[PDB]
4 protein chains.
Amino acid sequence: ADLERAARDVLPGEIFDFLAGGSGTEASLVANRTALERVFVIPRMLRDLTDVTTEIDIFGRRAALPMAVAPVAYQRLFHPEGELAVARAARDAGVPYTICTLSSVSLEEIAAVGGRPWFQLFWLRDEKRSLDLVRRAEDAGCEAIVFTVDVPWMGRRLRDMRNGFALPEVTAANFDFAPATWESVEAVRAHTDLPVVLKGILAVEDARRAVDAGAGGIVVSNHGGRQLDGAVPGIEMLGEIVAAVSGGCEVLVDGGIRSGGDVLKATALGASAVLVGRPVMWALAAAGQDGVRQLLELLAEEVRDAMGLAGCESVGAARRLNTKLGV
Amino acid sequence: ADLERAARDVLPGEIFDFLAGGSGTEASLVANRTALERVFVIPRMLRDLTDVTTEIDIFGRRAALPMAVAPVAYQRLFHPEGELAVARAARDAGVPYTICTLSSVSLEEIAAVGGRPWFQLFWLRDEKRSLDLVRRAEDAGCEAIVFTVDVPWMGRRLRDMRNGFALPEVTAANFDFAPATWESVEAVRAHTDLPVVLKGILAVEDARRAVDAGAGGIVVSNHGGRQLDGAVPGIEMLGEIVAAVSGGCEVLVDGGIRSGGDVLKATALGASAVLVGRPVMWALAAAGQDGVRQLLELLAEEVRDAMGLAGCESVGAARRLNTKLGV
Amino acid sequence: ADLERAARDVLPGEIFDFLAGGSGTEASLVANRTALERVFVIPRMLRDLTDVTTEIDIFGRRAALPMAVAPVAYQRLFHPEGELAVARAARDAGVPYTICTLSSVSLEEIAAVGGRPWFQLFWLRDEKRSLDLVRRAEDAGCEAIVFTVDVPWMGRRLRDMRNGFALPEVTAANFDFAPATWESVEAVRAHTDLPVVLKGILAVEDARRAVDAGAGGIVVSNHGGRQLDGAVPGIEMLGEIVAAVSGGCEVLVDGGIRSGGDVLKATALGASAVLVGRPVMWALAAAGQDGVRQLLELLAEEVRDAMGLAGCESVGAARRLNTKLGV
Amino acid sequence: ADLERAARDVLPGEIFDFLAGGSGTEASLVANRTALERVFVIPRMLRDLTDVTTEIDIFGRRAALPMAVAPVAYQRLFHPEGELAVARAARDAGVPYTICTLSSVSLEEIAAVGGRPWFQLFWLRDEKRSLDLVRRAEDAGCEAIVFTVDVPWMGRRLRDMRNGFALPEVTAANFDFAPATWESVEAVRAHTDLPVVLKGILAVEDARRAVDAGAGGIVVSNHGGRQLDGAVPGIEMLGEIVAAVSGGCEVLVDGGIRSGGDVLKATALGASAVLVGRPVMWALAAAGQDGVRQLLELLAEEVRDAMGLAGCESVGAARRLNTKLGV
Ligand SMILES: COC(=O)OO[C@@]12Nc3cc(C)c(C)cc3N(C[C@H](O)[C@H](O)[C@H](O)COP(=O)(O)O)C1=NC(=O)NC2=O
Ligand SMILES: COC(=O)OO[C@@]12Nc3cc(C)c(C)cc3N(C[C@H](O)[C@H](O)[C@H](O)COP(=O)(O)O)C1=NC(=O)NC2=O
Ligand SMILES: COC(=O)OO[C@@]12Nc3cc(C)c(C)cc3N(C[C@H](O)[C@H](O)[C@H](O)COP(=O)(O)O)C1=NC(=O)NC2=O
Ligand SMILES: COC(=O)OO[C@@]12Nc3cc(C)c(C)cc3N(C[C@H](O)[C@H](O)[C@H](O)COP(=O)(O)O)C1=NC(=O)NC2=O
């Protein structure tokens with residue numbers, strides 16, 4: 001929330017634009033926020049709140065909040081401790097942390113921090129390097145493979161093109177790409193016992209097919225407005241997708257979650273959990289690990305506050321809330 | 001209307017922000033106004049207006065307007081005569097005045113002013129102190145218990161947190177809290193012969209349950225945008241709630257009523273009456289009792305004008321008006 | 001269109017505000033324009049336009065345009081020739097001119113100009129003075145009684161109250177008021193052979209009743225936003241009212257007509273004709289009779305242009321156009 | 001996109017306004033853009049993209065993109081090489097180029113450039129000169145007659161009227177007009193073996209009739225907001241028209257296409273192809289033939305990018321995408 005100011009001041013111009021930007025005219029980046037702001041929660045009153053809990057069970061493990069840190073590449077771009085600082089704060093907060101394929105610190109090191117790390121996979125031209133990366137994540141103790149499926153190639157980032165931005169010095173520590181298809185998903189699924197989570201699903205029939213394909217979860221997401229410019233916001237497809245999946249997998253959403261109230265809105269629309277991306281990096285650029293820890297602490301307080309004000313003692317009760325679309 | 005200027009000039013910055021503010025991003029505070037502005041009345045023409053009357057019967061008593069003063073805590077924050085000045089003006093205007101649990105003058109004193117005072121109850125951790133407070137109100141001649149049900153705890157007021165605002169010197173004159181549940185409502189109901197009015201109802205099924213619970217009224221209200229940020233405006237739920245209650249209790253609404261035309265809109269959507277909060281305090285900060293009296297006089301004129309222009313000789317006719325949603 | 005600039009420069013501040021203003025917050029004044037701007041016409045192509053005609057038959061007489069000059073009181077406030085200049089220009093343009101009850105020149109004089117004048121009636125406390133005024137209009141050769149039915153009393157004009165505006169010196173030349181009801185309408189109807197036109201109808205059932213009452217026409221109108229603040233715009237009720245009346249009377253609309261395209265939109269929504277008010281007075285304040293004549297000439301050109309671009313050789317074809325609501 | 005800056009700087013004021021302007025208040029010019037911005041694409045994931053192709057077959061010929069250059073008159077107003085520079089760049093890009101009746105270079109010369117030129121016909125008062133112009137186009141090797149049907153006469157361009165704009169020196173090189181009707185369309189159809197394409201269709205029943213009339217295509221178009229001011233945008237009618245035509249002719253759309261994402265949106269709504277008008281002239285005014293070539297190259301890249309991000313290996317797959325309307 002606040003922190004974006006501090007992030008801009010301390011970060012170089014091309015780095016902040018890299019983090020904040022979307023593709024094309026940034027129509028989908030802005031729409032993620034406008035879609036959330038149109039959602040109003042209908043709160044329930046007078047229910048027992050003696051033991052409000054924000055915990056959820058997801059992928060076999062208890063999480064402190066219906067929330068995980070979204071995969072964001074090259075976190076040493078924002079702070080010298082990079083991914084290690086975020087993973088430690090996430091571990092301490094009881095929240096899953098998603099290790100990126102393009103992390104600026106190796107996945108084995110991030111995983112050693114503990115917590116329950118997830119691993120985000122970009123498909124490589126080699127089915128063999130891809131499946132080896134999946135094996136590395138699983139050997140390292142990762143709890144889920146978050147297969148990103150909305151990047152056959154990178155969308156056109158006009159901020160980066162204008163800046164002529166390039167990665168200085170930070171490296172892709174996991175390395176000494178190709179478009180993913182449904183065959184690639186089956187290959188991952190056959191190669192791991194970990195739940196496979198498809199990130200970047202927006203069509204109802206792709207959500208149905210993801211369940212048919214054996215996915216343990218999906219992330220309803222337009223990649224923070226960074227891929228197809230003009231792609232519908234995930235929050236706009238979330239309710240339809242939740243109904244179509246009918247409990248067959250976990251349904252996460254991301255894009256523009258900026259408060260505990262937004263988490264409540266996402267769960268009232270039926271999400272299992274949210275991912276949060278840019279705000280975590282603002283906290284990381286502002287004050288390192290302690291900055292992320294404070295963000296997560298504040299988010300946990302706002303989620304708990306919003307849930308109780310809505311009459312929800314549990315996240316499951318929050319998913320049963322009704323909503324109304326407004327202006 | 002006008003008066004907000006004068007209130008800001010004469011009040012300290014932290015006091016005005018305390019009065020004007022909402023929770024979080026103030027999404028629900030703003031939505032109360034935007035929702036009302038979208039409502040258009042379809043007026044009726046050529047009806048007898050020989051004896052237009054703005055009076056209503058509510059909770060056994062005649063009121064001059066379909067309107068009461070909303071509970072607003074610590075009114076000595078705005079003027080040295082505090083609650084006593086507002087209660088006198090309300091009495092003289094023929095309008096109910098809602099005494100707050102957190103009044104800066106004792107409820108017995110406010111009630112002595114006369115009129116027909118209502119008493120707003122916040123549940124205390126002791127069922128016994130709560131029911132004693134209800135008994136005090138009833139012994140004092142209060143006509144209704146307005147049980148506030150949307151504050152299990154206070155919402156996060158970011159204006160106050162930024163200001164580091166705190167109550168100076170003004171005190172809670174009724175004292176020498178806990179979340180309310182449906183059991184608390186039953187306890188109040190069993191302990192009083194006065195009508196019990198649940199303030200802060202937004203879900204249709206909570207309105208139905210309130211009637212089943214024996215409530216004599218409800219106030220459809222998001223607490224002026226001060227509790228759940230992102231809670232639907234009451235005006236957006238009013239019509240559905242009125243249909244579901246089917247005359248089983250009085251249905252009041254508050255939030256953003258700023259004119260006689262707004263009162264007409266609320267009654268055309270089916271409200272029995274409105275509450276008005278911040279405008280009454282603007283009048284109180286601007287010119288004390290005489291300022292409130294002028295506000296109520298002007299409001300009575302605007303309500304009467306709006307009703308006649310819409311072809312309504314009575315508030316009941318105003319409730320039968322149709323509306324259209326616009327931009 | 002343009003002319004409003006010239007009108008403001010030459011007119012006193014309180015006179016321009018008197019002409020431009022609406023009641024209350026001017027919500028309905030602004031909504032008249034926003035409602036029209038949301039309407040999009042679906043044009044037809046490739047039809048014979050060899051003899052495009054903007055003429056209509058209304059109340060037994062041919063008019064050059066589907067348009068009449070709206071009743072606007074005290075036209076000498078805007079130009080020394082006042083109503084006489086407007087009536088002459090309307091006559092020369094082939095357009096009906098509505099003489100006001102509060103005209104600053106007597107109705108017999110305005111009628112002597114020729115053309116086909118209509119007479120707008122405000123009901124007076126005396127049924128006898130009212131019916132005498134109707135007789136004067138009919139003896140004078142007026143073609144229709146435009147009974148204004150949305151002014152039981154004047155709405156609250158906040159511009160005038162702020163200005164402390166008052167009529168200087170201009171007088172009500174017809175004189176040497178009370179609320180109208182359906183009985184008053186019957187009294188007028190029984191007293192005249194002229195068509196009676198009810199101005200200020202917004203509810204579908206008042207339109208039906210107007211036909212049952214023997215009205216020859218209605219004007220769907222919120223009085224240019226000058227009466228009930230928050231009254232629906234006429235253009236928003238026009239289509240429903242046209243369907244309910246099912247050809248039983250002429251249905252005019254006014255409020256915010258500012259171009260030939262707006263006339264086309266009104267006729268595509270089903271109007272028989274429009275009234276135009278403030279623009280005619282801008283032309284009158286800017287350049288007297290010649291200014292009004294130019295306005296009407298330009299309007300006739302824009303109507304003809306818009307009709308041909310939409311594929312309509314006649315106003316009847318324009319009424320059969322479809323529309324789509326937009327943003 | 002960018003280029004509009006460069007075009008304004010290098011072009012005279014009255015020439016740029018001539019190119020950019022619309023009729024009346026420019027309501028339909030702006031609505032073309034607002035309508036497109038409201039459309040969101042629902043992308044598909046994980047499909048084979050090994051051979052993404054932006055090619056389409058239209059009017060018997062393969063085109064590199066689902067796109068043609070829109071007819072824009074008097075292109076020497078923007079650059080000394082005028083139409084010849086645009087036609088060469090279109091030929092080199094594999095895109096059809098529409099020769100205007102009012103071209104500032106003769107149609108035989110433009111056609112000699114090669115490519116696959118289309119010819120836009122304005123009906124002349126002589127059926128014989130009109131059909132001779134059609135014969136000239138067909139003898140010259142044009143592939144389609146684009147019969148413009150939404151100009152019985154020119155709409156009222158207020159920018160041009162204010163500027164007192166007139167064609168200097170540039171001439172209508174095809175010459176040494178009348179309103180078109182359905183009889184004129186039949187006359188063209190009987191006189192040519194080329195597909196006849198009706199440009200300027202907005203009503204569903206005119207689209208049906210165009211197919212019944214033997215048209216090979218239609219362009220759903222409000223003429224870039226330059227004809228009827230208040231005409232619905234083509235993009236708003238496109239989906240209904242596509243369903244009504246049920247494959248009976250090609251359905252193109254134009255108006256406000258400003259990116260590859262906009263092309264994707266148009267094809268997802270069912271268009272066969274788009275026309276692009278003003279952007280091509282911005283490129284022509286900025287850098288002549290090389291400027292147009294770069295525009296078309298960039299557009300081809302953006303279309304290909306948008307299609308792959310949406311999971312579409314072919315334009316036919318893009319037409320099967322779903323959309324959602326937003327804010
Ligand atoms: C250059 O991007 C790239 O290489 O790939 O994208 C990721 N990196 C990445 C980098 C950056 C800087 C930002 C802002 C987002 C992403 N994201 C999107 C993120 O995961 C959320 O979907 C979104 O941020 C939530 O919205 P929010 O920020 O809270 O509003 C990535 N997602 C992947 O799956 N893999 C990645 O590497
Ligand atoms: C700090 O707040 C607090 O302690 O509890 O809230 C009350 N005090 C209170 C204090 C103040 C400063 C304001 C602005 C509102 C409330 N309100 C809400 C009010 O009753 C109307 O619902 C709303 O104001 C109508 O909207 P409007 O102003 O006309 O637009 C309260 N409601 C309760 O039930 N009890 C209270 O003590
Ligand atoms: C002070 O008003 C008053 O005394 O009564 O109102 C009238 N005088 C009158 C005066 C003035 C200054 C204006 C602006 C409107 C009216 N109007 C409304 C007008 O007839 C159109 O309905 C509206 O103007 C169309 O909208 P538009 O301007 O084109 O946007 C009147 N209507 C009556 O029936 N009788 C009147 O005397
Ligand atoms: C003065 O106009 C005139 O003489 O006739 O109009 C044309 N000339 C013409 C000239 C100019 C300057 C502009 C901007 C558009 C047109 N257009 C409209 C164009 O074909 C597209 O429909 C629209 O431009 C797409 O929208 P877009 O620009 O991409 O947003 C023409 N269409 C015809 O059929 N014949 C023409 O001669």
# chains A, B, ... in the order shown; residues from 1 in each chain; ligands from 1
call {"tool": "closest_atom_pairs", "arguments": {"of": "chain A", "to": "ligand 1", "cutoff": "9 Å", "atoms": "only C-alpha atoms and all ligand atoms", "output": "CSV"}}
result
residue,atom,partner,partner_atom_place_in_ligand_line,distance
A:15,CA,ligand 1,12 (C),8.8
A:16,CA,ligand 1,12 (C),8.8
A:17,CA,ligand 1,12 (C),8.8
A:18,CA,ligand 1,12 (C),5.9
A:19,CA,ligand 1,12 (C),4.0
A:20,CA,ligand 1,14 (C),5.9
A:21,CA,ligand 1,14 (C),7.0
A:22,CA,ligand 1,14 (C),7.9
A:29,CA,ligand 1,30 (O),7.6
A:32,CA,ligand 1,30 (O),7.5
A:33,CA,ligand 1,30 (O),8.2
A:69,CA,ligand 1,20 (O),8.2
A:70,CA,ligand 1,20 (O),4.5
A:71,CA,ligand 1,20 (O),4.2
A:72,CA,ligand 1,8 (N),3.8
A:73,CA,ligand 1,8 (N),4.5
A:74,CA,ligand 1,10 (C),7.6
A:75,CA,ligand 1,12 (C),8.4
A:98,CA,ligand 1,20 (O),8.6
A:100,CA,ligand 1,37 (O),6.0
A:101,CA,ligand 1,37 (O),7.0
A:102,CA,ligand 1,37 (O),6.3
A:103,CA,ligand 1,37 (O),8.2
A:120,CA,ligand 1,34 (O),6.4
A:121,CA,ligand 1,34 (O),7.7
A:122,CA,ligand 1,35 (N),7.4
A:146,CA,ligand 1,34 (O),7.7
A:147,CA,ligand 1,34 (O),7.6
A:148,CA,ligand 1,34 (O),4.9
A:149,CA,ligand 1,34 (O),7.9
A:150,CA,ligand 1,34 (O),7.9
A:151,CA,ligand 1,5 (O),7.4
A:154,CA,ligand 1,4 (O),7.0
A:155,CA,ligand 1,2 (O),8.7
A:157,CA,ligand 1,1 (C),8.9
A:199,CA,ligand 1,34 (O),6.3
A:200,CA,ligand 1,34 (O),7.5
A:219,CA,ligand 1,22 (O),8.3
A:220,CA,ligand 1,22 (O),8.8
A:221,CA,ligand 1,22 (O),6.0
A:222,CA,ligand 1,22 (O),6.7
A:223,CA,ligand 1,22 (O),3.9
A:224,CA,ligand 1,26 (O),4.0
A:225,CA,ligand 1,26 (O),7.6
A:226,CA,ligand 1,2 (O),7.1
A:227,CA,ligand 1,2 (O),8.5
A:253,CA,ligand 1,22 (O),8.5
A:254,CA,ligand 1,25 (C),4.9
A:255,CA,ligand 1,26 (O),3.5
A:256,CA,ligand 1,30 (O),3.6
A:257,CA,ligand 1,29 (O),5.5
A:258,CA,ligand 1,29 (O),7.4
A:274,CA,ligand 1,29 (O),8.7
A:275,CA,ligand 1,25 (C),6.3
A:276,CA,ligand 1,29 (O),3.9
A:277,CA,ligand 1,29 (O),3.6
A:278,CA,ligand 1,28 (O),3.8
A:279,CA,ligand 1,29 (O),6.4
A:280,CA,ligand 1,29 (O),8.1
A:281,CA,ligand 1,12 (C),8.4
call {"tool": "residues_around", "arguments": {"residues": "residue 129 (chain C)", "least_positions_apart": "4", "cutoff": "12 Å", "atoms": "only C-alpha atoms", "output": "list in words"}}
result
residues 101, 121, 122, 123, 124, 125, 133, 134, 135, 136, 174, 175, 176, 177, 178 and 188 of chain C
call {"tool": "write_last_selection", "arguments": {"atoms": "N, CA and C atoms", "output": "short mmCIF file (atom, residue, chain, number, x, y, z; two decimals), in the first residue's frame"}}
result
data_model
loop_
_atom_site.label_atom_id
_atom_site.label_comp_id
_atom_site.auth_asym_id
_atom_site.auth_seq_id
_atom_site.Cartn_x
_atom_site.Cartn_y
_atom_site.Cartn_z
N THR C 101 -48.05 31.42 -19.96
CA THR C 101 -48.90 32.13 -19.00
C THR C 101 -48.18 33.34 -18.42
N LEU C 121 -50.55 26.77 -20.07
CA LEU C 121 -51.40 27.16 -18.95
C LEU C 121 -50.79 26.70 -17.63
N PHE C 122 -50.61 27.65 -16.71
CA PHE C 122 -50.45 27.37 -15.28
C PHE C 122 -51.80 27.52 -14.60
N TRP C 123 -52.17 26.53 -13.79
CA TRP C 123 -53.45 26.59 -13.10
C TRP C 123 -53.41 27.68 -12.05
N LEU C 124 -54.47 28.49 -12.00
CA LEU C 124 -54.62 29.52 -10.99
C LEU C 124 -55.60 29.05 -9.93
N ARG C 125 -55.50 29.64 -8.73
CA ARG C 125 -56.38 29.23 -7.63
C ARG C 125 -57.85 29.31 -8.02
N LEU C 133 -58.52 32.25 -19.00
CA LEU C 133 -57.24 32.28 -19.71
C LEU C 133 -57.25 31.30 -20.87
N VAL C 134 -57.85 30.12 -20.68
CA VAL C 134 -57.98 29.15 -21.77
C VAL C 134 -58.86 29.72 -22.88
N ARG C 135 -59.96 30.36 -22.51
CA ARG C 135 -60.83 30.98 -23.50
C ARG C 135 -60.10 32.09 -24.26
N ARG C 136 -59.33 32.93 -23.55
CA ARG C 136 -58.55 33.96 -24.23
C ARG C 136 -57.63 33.34 -25.27
N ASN C 174 -50.12 39.05 -19.01
CA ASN C 174 -51.45 38.47 -19.16
C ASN C 174 -52.38 38.79 -17.99
N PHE C 175 -51.89 39.45 -16.94
CA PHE C 175 -52.65 39.65 -15.71
C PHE C 175 -52.84 41.13 -15.39
N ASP C 176 -54.04 41.46 -14.92
CA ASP C 176 -54.41 42.84 -14.58
C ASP C 176 -54.18 43.14 -13.10
N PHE C 177 -51.63 31.34 -7.95
CA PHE C 177 -51.60 30.03 -8.60
C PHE C 177 -52.01 28.93 -7.61
N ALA C 178 -52.39 27.77 -8.14
CA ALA C 178 -52.77 26.62 -7.34
C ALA C 178 -52.28 25.35 -8.03
N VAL C 188 -60.46 21.92 -17.99
CA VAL C 188 -59.91 22.44 -19.25
C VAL C 188 -60.48 21.68 -20.43
#
call {"tool": "residues_around", "arguments": {"residues": "residue 143 (chain D)", "least_positions_apart": "2", "cutoff": "10 Å", "atoms": "only C-alpha atoms", "output": "list in words"}}
result
residues 59, 60, 61, 96, 98, 115, 116, 117, 118, 119, 137, 138, 140, 141, 145, 146, 193, 194, 195 and 196 of chain D
call {"tool": "write_last_selection", "arguments": {"atoms": "C-alpha atoms", "output": "compact mmCIF listing (two decimals), in the first residue's frame"}}
result
# COMPACT_ATOMS: atom_id res chain seq x y z
CA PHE D 59 -12.07 -12.50 -51.94
CA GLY D 60 -10.09 -15.36 -53.50
CA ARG D 61 -6.66 -14.08 -52.40
CA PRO D 96 -4.85 -5.16 -49.59
CA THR D 98 -8.22 0.32 -51.09
CA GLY D 115 -0.34 -6.07 -54.80
CA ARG D 116 -4.05 -6.69 -54.71
CA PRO D 117 -5.79 -3.33 -54.81
CA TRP D 118 -9.44 -2.87 -53.96
CA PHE D 119 -11.43 0.01 -55.39
CA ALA D 137 -11.17 -0.57 -61.66
CA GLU D 138 -11.86 -4.06 -62.97
CA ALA D 140 -6.99 -2.25 -63.99
CA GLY D 141 -6.86 -5.52 -62.01
CA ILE D 145 -15.39 -3.07 -55.42
CA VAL D 146 -15.80 -1.45 -52.00
CA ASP D 193 -17.60 -10.24 -61.69
CA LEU D 194 -15.63 -8.78 -58.77
CA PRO D 195 -16.96 -9.20 -55.21
CA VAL D 196 -18.96 -6.16 -54.13
call {"tool": "interface_residues", "arguments": {"of": "chain D", "to": "chain A", "cutoff": "12 Å", "atoms": "only C-alpha atoms", "output": "NGL selection string"}}
result
:D and (1-2 or 36-52 or 258-266 or 268 or 298 or 301-313 or 321-327)
call {"tool": "atom_distance", "arguments": {"atom1": "CA of residue 288 (chain A)", "atom2": "CA of residue 7 (chain A)"}}
result
10.9 Å
call {"tool": "atom_distance", "arguments": {"atom1": "CA of residue 172 (chain B)", "atom2": "CA of residue 91 (chain B)"}}
result
22.7 Å
call {"tool": "select_by_dssp", "arguments": {"residues": "region 148-275 of chain B", "states": "helix (DSSP H, G or I)", "output": "PyMOL selection string"}}
result
chain B and resi 158-163+182-191+204-212+223-225+234-245+260-268
call {"tool": "decode", "arguments": {"residues": "region 62-81 of chain A", "atoms": "N, CA and C atoms", "output": "short mmCIF file (atom, residue, chain, number, x, y, z; two decimals), in the first residue's frame"}}
result
data_model
loop_
_atom_site.label_atom_id
_atom_site.label_comp_id
_atom_site.auth_asym_id
_atom_site.auth_seq_id
_atom_site.Cartn_x
_atom_site.Cartn_y
_atom_site.Cartn_z
N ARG A 62 -0.96 -26.57 6.12
CA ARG A 62 -1.63 -25.42 6.69
C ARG A 62 -0.87 -24.15 6.37
N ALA A 63 -1.60 -23.13 5.95
CA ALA A 63 -1.06 -21.81 5.70
C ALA A 63 -1.71 -20.82 6.66
N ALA A 64 -0.95 -19.79 7.04
CA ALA A 64 -1.44 -18.84 8.04
C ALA A 64 -2.54 -17.94 7.49
N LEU A 65 -2.52 -17.68 6.18
CA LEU A 65 -3.41 -16.76 5.46
C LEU A 65 -3.83 -17.42 4.16
N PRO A 66 -4.97 -17.04 3.60
CA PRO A 66 -5.28 -17.54 2.25
C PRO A 66 -4.48 -16.77 1.21
N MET A 67 -3.16 -16.97 1.24
CA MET A 67 -2.28 -16.11 0.46
C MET A 67 -0.91 -16.76 0.33
N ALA A 68 -0.27 -16.58 -0.82
CA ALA A 68 1.12 -16.96 -1.05
C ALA A 68 1.82 -15.82 -1.78
N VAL A 69 3.15 -15.81 -1.70
CA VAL A 69 3.95 -14.85 -2.46
C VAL A 69 3.99 -15.29 -3.91
N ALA A 70 3.64 -14.39 -4.81
CA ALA A 70 3.61 -14.72 -6.23
C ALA A 70 5.03 -14.86 -6.76
N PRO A 71 5.24 -15.69 -7.78
CA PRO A 71 6.56 -15.74 -8.42
C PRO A 71 6.87 -14.42 -9.10
N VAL A 72 8.00 -13.82 -8.71
CA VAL A 72 8.50 -12.59 -9.32
C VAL A 72 9.99 -12.80 -9.58
N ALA A 73 10.40 -12.67 -10.83
CA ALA A 73 11.75 -13.07 -11.21
C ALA A 73 12.79 -12.06 -10.73
N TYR A 74 14.00 -12.56 -10.47
CA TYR A 74 15.19 -11.73 -10.27
C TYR A 74 14.99 -10.75 -9.11
N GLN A 75 14.78 -11.30 -7.92
CA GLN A 75 14.47 -10.45 -6.77
C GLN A 75 15.68 -9.69 -6.23
N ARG A 76 16.90 -10.07 -6.62
CA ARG A 76 18.06 -9.25 -6.29
C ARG A 76 18.07 -7.93 -7.06
N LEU A 77 17.20 -7.78 -8.06
CA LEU A 77 17.02 -6.47 -8.67
C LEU A 77 16.49 -5.45 -7.67
N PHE A 78 15.82 -5.91 -6.61
CA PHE A 78 15.15 -5.02 -5.68
C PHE A 78 15.85 -4.88 -4.34
N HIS A 79 16.70 -5.83 -3.97
CA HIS A 79 17.40 -5.81 -2.69
C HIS A 79 18.50 -6.85 -2.72
N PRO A 80 19.67 -6.55 -2.14
CA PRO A 80 20.81 -7.48 -2.24
C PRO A 80 20.54 -8.87 -1.70
N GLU A 81 19.70 -9.01 -0.68
CA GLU A 81 19.35 -10.34 -0.20
C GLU A 81 18.30 -11.02 -1.07
#
